[PDB]
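In what follows, chains carry the letters A, B, and so on, assigned in the order in which the sequence lines appear, proteins first and then strands, with residues in each chain numbered from 1. Quick note: numbers below take in every heavy atom, side chains included, and nothing from hydrogens, waters or symmetry partners.
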Amino acid sequence: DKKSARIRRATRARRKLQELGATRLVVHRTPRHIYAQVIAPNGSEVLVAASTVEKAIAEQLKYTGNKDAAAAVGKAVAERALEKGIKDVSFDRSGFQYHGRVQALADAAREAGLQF
Amino acid sequence: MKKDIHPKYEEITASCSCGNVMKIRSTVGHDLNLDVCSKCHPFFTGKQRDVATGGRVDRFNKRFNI
Amino acid sequence: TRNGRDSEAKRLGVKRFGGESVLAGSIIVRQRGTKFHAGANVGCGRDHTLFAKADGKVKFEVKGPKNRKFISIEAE
Amino acid sequence: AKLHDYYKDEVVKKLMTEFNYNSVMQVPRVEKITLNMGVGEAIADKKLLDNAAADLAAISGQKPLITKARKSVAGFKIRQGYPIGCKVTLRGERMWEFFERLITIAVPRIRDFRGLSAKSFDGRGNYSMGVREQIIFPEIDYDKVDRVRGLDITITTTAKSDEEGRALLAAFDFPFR
Amino acid sequence: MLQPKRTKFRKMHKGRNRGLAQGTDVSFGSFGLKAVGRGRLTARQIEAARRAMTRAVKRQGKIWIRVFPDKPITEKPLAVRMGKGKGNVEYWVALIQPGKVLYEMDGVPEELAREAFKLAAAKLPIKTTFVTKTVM
Amino acid sequence: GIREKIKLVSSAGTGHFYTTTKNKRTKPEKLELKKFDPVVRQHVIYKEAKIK
RNA sequence: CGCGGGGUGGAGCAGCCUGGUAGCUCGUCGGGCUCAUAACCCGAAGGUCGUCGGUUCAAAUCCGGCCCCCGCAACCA
RNA sequence: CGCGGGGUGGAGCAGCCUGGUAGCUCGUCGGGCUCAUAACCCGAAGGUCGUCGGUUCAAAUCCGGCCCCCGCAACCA
RNA sequence: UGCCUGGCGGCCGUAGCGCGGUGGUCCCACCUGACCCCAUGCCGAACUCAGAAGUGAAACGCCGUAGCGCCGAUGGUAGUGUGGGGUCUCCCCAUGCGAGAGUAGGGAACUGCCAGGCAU
RNA sequence: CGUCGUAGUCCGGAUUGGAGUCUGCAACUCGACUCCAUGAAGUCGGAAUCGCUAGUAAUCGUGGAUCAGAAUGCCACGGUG
RNA sequence: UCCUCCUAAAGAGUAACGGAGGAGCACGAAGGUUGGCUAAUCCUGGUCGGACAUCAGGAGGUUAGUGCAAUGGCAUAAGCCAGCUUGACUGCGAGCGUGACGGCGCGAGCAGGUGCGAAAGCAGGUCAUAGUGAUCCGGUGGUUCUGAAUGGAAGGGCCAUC
RNA sequence: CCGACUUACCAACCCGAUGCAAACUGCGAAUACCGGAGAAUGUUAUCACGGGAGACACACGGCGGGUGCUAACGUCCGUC
Ligand SMILES: [Mg+2]
Ligand SMILES: [Mg+2]
Ligand SMILES: [Mg+2]
Ligand SMILES: [Mg+2]
Ligand SMILES: [Mg+2]
Ligand SMILES: [Mg+2]
Ligand SMILES: [Mg+2]
Ligand SMILES: [Mg+2]
Ligand SMILES: [Mg+2]
Ligand SMILES: [Mg+2]
Ligand SMILES: [Mg+2]
Ligand SMILES: [Mg+2]
Ligand SMILES: [Mg+2]
Ligand SMILES: [Mg+2]
Ligand SMILES: [Mg+2]
Ligand SMILES: [Mg+2]
Ligand SMILES: [Mg+2]
Ligand SMILES: [Mg+2]
Ligand SMILES: [Mg+2]
Ligand SMILES: [Mg+2]
Ligand SMILES: [Mg+2]
Ligand SMILES: [Mg+2]
Ligand SMILES: [Mg+2]
Ligand SMILES: [Mg+2]
Ligand SMILES: [Mg+2]
Ligand SMILES: [Mg+2]
Ligand SMILES: [Mg+2]
Ligand SMILES: [Mg+2]
Ligand SMILES: [Mg+2]
Ligand SMILES: [Mg+2]
Ligand SMILES: [Mg+2]
Ligand SMILES: [Mg+2]
Ligand SMILES: [Mg+2]
Ligand SMILES: [Mg+2]
Ligand SMILES: [Mg+2]
Ligand SMILES: [Mg+2]
Ligand SMILES: [Mg+2]
Ligand SMILES: [Zn+2]
């Protein structure tokens, strides 16, 4: 029920950023894992896919789905975003509230290259 | 948890008629004195005698005989 | 015979259609209903009115999980 | 939480032996406790409302929430949005310990006890039975209460059927019959 | 006296009933009446034809009716102009549907059916025809 | 006509005042807010003034 | 829009007259008494003294903010 | 033919003032007293607000159809 | 290069409801503590954070079923002028124009990117 | 002498249910007494009003006759005042 | 005068006397930027509580709700709670239908901002649409415009208001 | 007091069926309204401005509303 409730909770924000057409930094946390991307303004193509399911990220972090791993993923994804040349995004908390793993990962992205 | 609005909540020591001391939490704190619990309750042996309906033929015969 | 009223009709309904140019600032539709919405490159006002931010030959389509009629924009 | 310990240690094994569910957690689970009191006199005196709320807060480990009038009713003479009902909802360790308190204190203390109905399951296993007084409870003092209230414990289960709810409660030694 | 318990509104437009109709086929009963033309069936007329069919069948069988005087027409009480707003509610009818079965009969022979439907023609000003339920 | 009209004058000394109403029968407390004045082009606190 | 009169238990009437003070006819009940509705008296209940604030030992009094009725010359775009 | 009012214990009126408060009297039931009755005084009971529907949480109370009466208007050649 | 699993575009009920079965390598959530960051107009119930003892009960995913809603047949169809008429409260002649109604007939999807387990 | 303190109280035993004795052949229409319990209203009483001056109103008791037994009753005697 | 629907020919609008229901606003919180939730209805059980107050499962999803009369809108929901607020600020700007005009029903954007959020995003009062009425002048307060000889000040003049 | 049984009665509600519209459109329209890419045509029949007008009292043949009586050399009507 959590997934459907969260998707309905996030429909307004996700459609808002899709229609605004500013490329949005997307998150979706789970208790055990998490996947972090950078998605196109309309949503038809991603830019960088970095997650705690990757080999190096998984083996360099003691626990996959925890806030410390979320912060490490934020650092890594924003630095790879700088490497590819990503500068401007408009945040999308994806229906959650801006606190916890999402807040720490977002602060990591701010430090490591994304302006928000 | 709200530590302010709710009353005090801690372990107590409570005793019953059958002497069983329950290491359970209560809202009062001080020791509690009860009367009957579910162990000494007459739910398994007293309920059938609670019917006490008796028999009219039995009472007639016992009171007197022809 | 006491009930013969009607509105001072407000002249609602689609005014500037798909296939008509949008001058800088122009609306597409005036309506009291969101029967035709703000899809791609379009916006809304205060009193159920929607004025498009983007010019050119307008695009009519139907979208939404609710089978809704929108107003989108082409490349003119 | 001796009831929690019993549930996690011996009750789970007993119900495994009973039901033979190939899934370990397929057994229905009790997941909350609800204690209700209905006061019509809220409109007459919000002050007695507050007194009853304080009594409920004393008897339960948590202060009750005051609900409002969902929809206005003419025959009951209460206005919509005016608070008319009170409730408490508990979980987990609170559930286990307060349930032990119930079974080992209130049940004998119920005046004229004759056993509780076995068909009190709300049709799907939700045990629902009422007691008329507040003095049958060990924290609500007899000598300090001026007006006696009532309450009905109603406990929602995840049982697919009233049969499995009754199996759970009888295995847990619930006082039905 | 067939007449609604309540109507949507007290009056309604005079209305239109042109073209082809939809009550072409028979639905409930064995024997029916067709009206190819166009007109109106008053509530008094519908009740009268029902009573007359009861008379003829001697309470053998059942009667069925499809159209209803759900439309309270406003005619104008005599000697009042076109003006002064719309007229006043006066009575109830249903109009004539080309192909419609109006009254239905069963349990009695075809001869008695055509007799009673000619008597419907003699208690109504409407053009008639004798119909029965269709095979599929 | 029960909601009396009130002119809202600034406390910054400038006499550009707005105007709304208030219902003294139901809400009698003074209408206290922060409000803008255009002459100083900055934000200050308004206090209600009688229409006079 | 301003002045003035005022809001007195249940009502109306005494005290705002430059702080130190709940009275009058009836309204209710109880008491004596006449057959007594009636009368006279005794007593009891009934008053943020329109509302809040400011000086203060001292308020209803002095003034300010708000509400209610009326008397007012005036104009009612 | 249209504009208003009214229909509330066994009877006559309020409450219709913009909705939650079943009020007054006569009358009937149980009394005391009376030579008996009346009067008198003391204890009780009695209602789906003409009706059928609608708004309203809820109506007598705001609105439409139905019944009757009280009134007025129901016109000019 | 293929199944399962997740993050997002193409269709927005031929997708959608239902019933018969399958998944814990990777994997979702259930789940251990919730003293913590953080929440309750009562409860870590909800969210959440430090963890992986177990988990597939509800859920998610996949196949089968045309039992429902839907798609649309082809004949057939009223009506719109247009010129002609009558049996003129409404019907017909030459065409362009043409709805619905349903039906014999289909569809549970289909499609794409990136990656994790799994093996060339 | 011990206990109670203005309340529905150990006031008040009322309404009632679980069981005996007698009398009466035969206790139910249509007997009381009794063991237990249920534990009411009633807080001096309304209008209007009766009998009592001295052993007097009252109040605590006894007896009788009625009668197999079934009264507070009606009638005689006493305690107190 | 001003409001909700069909009418009036599937843009538009279209009649009085072509059927039904109304207003002369109110909310400084019923608000907004930003944090949340999603109805109505019926069966089952329970001391109160009865069909319905309240609590506990289940069936449907906008048939609930709109601040009004109501239509059309609305799930992302303007429908149902609330931290900061008073965008219920102000000086300007390219632009549609009714349009005699008046303009009203319609504004990308300049700026000081405030208010808000980490930020996207905004706030351009409230679901829009009933709550409204001309000039002139005068009561009005913030504004040196003329300045009846020169230096000043007055009447009639712009913001907001009856 | 819970009650035992049945009874040419009414129908909630779902299925096998009947429905319906000025104030409903899970259907869909036509000529076309709005338009945007072409053959020819049309003495420029379109737009701006300046001088002056009438009428604000159009009827009958081919359509849908109230009407009205599904009447009329009928009407407010929208119309060739
Ligand atoms: Mg027809
Ligand atoms: Mg009343
Ligand atoms: Mg009153
Ligand atoms: Mg008596
Ligand atoms: Mg008498
Ligand atoms: Mg399966
Ligand atoms: Mg969880
Ligand atoms: Mg499962
Ligand atoms: Mg067809
Ligand atoms: Mg079709
Ligand atoms: Mg399918
Ligand atoms: Mg399926
Ligand atoms: Mg007493
Ligand atoms: Mg008493
Ligand atoms: Mg006693
Ligand atoms: Mg006893
Ligand atoms: Mg004797
Ligand atoms: Mg139209
Ligand atoms: Mg048209
Ligand atoms: Mg929000
Ligand atoms: Mg119920
Ligand atoms: Mg509203
Ligand atoms: Mg809103
Ligand atoms: Mg609003
Ligand atoms: Mg000067
Ligand atoms: Mg000078
Ligand atoms: Mg001069
Ligand atoms: Mg139709
Ligand atoms: Mg329709
Ligand atoms: Mg002409
Ligand atoms: Mg004309
Ligand atoms: Mg015609
Ligand atoms: Mg039509
Ligand atoms: Mg016509
Ligand atoms: Mg004519
Ligand atoms: Mg004609
Ligand atoms: Mg014509
Ligand atoms: Zn014990």
Side-chain angles (χ1 to χ4, degrees), chain A residues 11-12 15 17 22 26 28 30 35 37 39 42-46 49 53 63 66-67 90-91 98-100 116, chain C residues 1 3-4 7 9-11 13-17 19-20 23-27 30 32-34 45 47-49 51 53 57 64-65, chain D residues 23-26 32 34 36 38 40 62-65 67 69 72-76 78 80 84-85 87-91 94 120 122-124 126 128-132 150 152 154 156, chain E residues 9 11-14 18-20 27 38 66 75-76 82-86, chain F residues 3 7 14-17 19-20 28 31 33-36 38 41 43 51-52:
Chain A
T11 292
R12 186 149 155 273
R15 300 275 66 76
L17 276 191
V26 61
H28 172 59
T30 71
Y35 293 166
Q37 282 66 66
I39 294 183
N42 52 4
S44 298
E45 61 86 20
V46 309
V53 75
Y63 191 34
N66 83 318
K67 176 150 55 170
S90 303
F91 201 76
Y98 196 76
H99 155 265
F116 75 96
Chain C
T1 308
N3 300 328
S7 84
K10 303 312 163 75
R11 274 87 171 161
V14 184
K15 304 302 183 181
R16 175 166 306 272
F17 289 64
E20 313 188 2
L23 267 296
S26 309
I27 311 171
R30 179 163 186 262
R32 273 307 176 211
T34 59
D47 62 358
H48 294 299
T49 302
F51 42 85
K53 306 185 76 74
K57 262 181 56 186
Chain D
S23 181
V24 59
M25 186 64 72
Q26 194 183 351
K32 82 179 186 185
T34 297
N36 184 7
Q62 283 163 202
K63 190 259 284 183
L65 188 153
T67 54
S72 58
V73 285
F76 301 143
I78 55 158
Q80 167 176 339
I84 201 66
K87 64 180 177 65
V88 298
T89 305
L90 277 296
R91 71 181 170 89
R94 321 297 301 275
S120 296
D122 287 327
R124 294 178 181 88
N126 292 350
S128 182
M129 187 66 204
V131 298
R132 294 171 178 84
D152 62 358
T154 304
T156 284
Chain E
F9 298 113
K11 301 150 162 153
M12 183 278 288
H13 279 348
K14 171 165 288 299
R18 38 167 299 151
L20 303 182
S27 285
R38 207 165 319 283
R66 325 278 287 275
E75 286 189 349
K76 191 159 270 287
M82 296 299 103
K84 278 79 177 171
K86 205 179 165 78
Chain F
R3 190 175 190 249
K7 61 182 286 187
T14 292
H16 177 94
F17 36 80
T19 288
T20 176
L31 197 69
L33 300 162
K34 166 202 279 186
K35 281 276 202 190
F36 175 75
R41 301 165 48 209
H43 270 83
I51 183 74
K52 192 184 289 289

Chi class for [N]: syn within 90° of 0, otherwise anti:
{"N": "K/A59", "result": "anti"}
{"N": "G/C16", "result": "syn"}
{"N": "K/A29", "result": "syn"}
{"N": "J/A40", "result": "syn"}
{"N": "K/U129", "result": "anti"}

Could you check whether [X] gets within reach of a base, just the sugar-phosphate, or nothing at all, counting any heavy atom under 4.0 Å?
{"X": "D/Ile78", "result": "base"}
{"X": "D/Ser128", "result": "base"}
{"X": "D/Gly38", "result": "base"}
{"X": "D/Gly150", "result": "base"}

Report the nucleotide, chosen from [options], that has the shortest atom-to-atom distance to any side-chain atom of [X].
{"X": "E/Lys76", "options": "L/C69, K/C106, K/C96", "value": "L/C69"}
{"X": "C/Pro65", "options": "K/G113, I/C12, K/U129", "value": "I/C12"}
{"X": "A/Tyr63", "options": "I/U77, K/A120, I/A52", "value": "I/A52"}
{"X": "F/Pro38", "options": "K/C106, K/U90, I/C43", "value": "K/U90"}
{"X": "D/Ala74", "options": "K/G50, H/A58, K/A120", "value": "H/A58"}
{"X": "F/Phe17", "options": "L/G68, L/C63, K/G141", "value": "K/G141"}
{"X": "A/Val53", "options": "I/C49, I/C27, K/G112", "value": "I/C27"}
{"X": "C/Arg32", "options": "K/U129, I/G7, I/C37", "value": "K/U129"}

Using purine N1 to pyrimidine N3 plus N6-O4 or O6-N4 for Watson-Crick, or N1-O2 and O6-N3 for G-U wobble, each under 3.5 Å, what pairs with [N]?
{"N": "K/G99", "result": "none"}
{"N": "I/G79", "result": "I/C97"}
{"N": "K/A82", "result": "K/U34"}
{"N": "K/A53", "result": "none"}
{"N": "I/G51", "result": "I/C31"}
{"N": "L/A29", "result": "none"}
{"N": "I/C110", "result": "I/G10"}
{"N": "I/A58", "result": "none"}

### Atom pair distance, as rounded to whole Å: NZ in E/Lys86 and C1' in K/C6
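Checked: the NZ to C1' distance equals 13 Å.
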### Message
Rounding to an integer number of Å, can you tell me how far A/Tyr98 OH sits from K/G35 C1'?
### Response
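It is 15 Å, rounded to the nearest whole Å.
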### Message
Please determine whether K/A88 and K/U66 constitute a Watson-Crick or G-U wobble pair, defined by two donor-acceptor distances each under 3.5 Å.
### Response
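No.
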#### Entry: Under 3.5 Å for both distances: J/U16 and J/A7 as a Watson-Crick or G-U pair
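Paired, no.
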Are [X] and [N] close enough that a side-chain N or O sits under 4.0 Å from OP1 or OP2?
{"X": "F/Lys52", "N": "K/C162", "result": "no"}
{"X": "F/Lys35", "N": "K/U90", "result": "no"}
{"X": "D/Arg91", "N": "I/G44", "result": "yes"}
{"X": "F/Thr20", "N": "K/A88", "result": "no"}
{"X": "D/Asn36", "N": "K/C55", "result": "no"}
{"X": "F/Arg3", "N": "K/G131", "result": "no"}

Spell out yes or no: do the side chain of [X] and the base of [N] have one donor N/O and one acceptor N/O closer than 3.5 Å?
{"X": "F/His43", "N": "K/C89", "answer": "no"}
{"X": "D/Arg124", "N": "K/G57", "answer": "yes"}
{"X": "A/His28", "N": "I/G6", "answer": "no"}
{"X": "F/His16", "N": "K/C159", "answer": "no"}
{"X": "C/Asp47", "N": "K/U129", "answer": "no"}
{"X": "D/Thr34", "N": "K/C55", "answer": "no"}

### Query
Closer to the 5' end of RNA chain L via nearest nucleotide, is it C/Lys57 or E/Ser27?
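In this pair, the answer is E/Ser27.
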#### Entry: Most 5' of E/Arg38 and C/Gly19 on RNA chain L, judged by nearest nucleotide
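The 5'-side residue here is C/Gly19.
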### Task
Ignoring hydrogens and angles, state whether a donor on the side chain of E/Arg66 or E/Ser27 is under 3.5 Å from an acceptor on the partner side chain.
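Yes, E/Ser27 and E/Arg66 have a side-chain donor paired with an acceptor closer than 3.5 Å.
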### Message
Using modelled atom types and a 3.5 Å cut-off, is there a donor and acceptor pairing between side-chain atoms of D/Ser128 and backbone atoms of D/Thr154?
### Response
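Side chain of D/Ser128 to backbone of D/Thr154, a donor-acceptor pair under 3.5 Å: no, none is there.
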### Query
Does any non-hydrogen side-chain atom of F/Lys52 lie less than 4.5 Å from one of F/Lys7?
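Result no, sub-4.5 Å side-chain heavy-atom pair not found.
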### Query
CG of A/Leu17 to CD1 of A/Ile39: how many Å apart, nearest 0.5 Å?
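Those atoms lie 11.0 Å apart.
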#### Entry: Contact pattern, 5' to 3', of nucleotides 72-77 of chain H - B, S or - by protein heavy atom under 4.0 Å
------
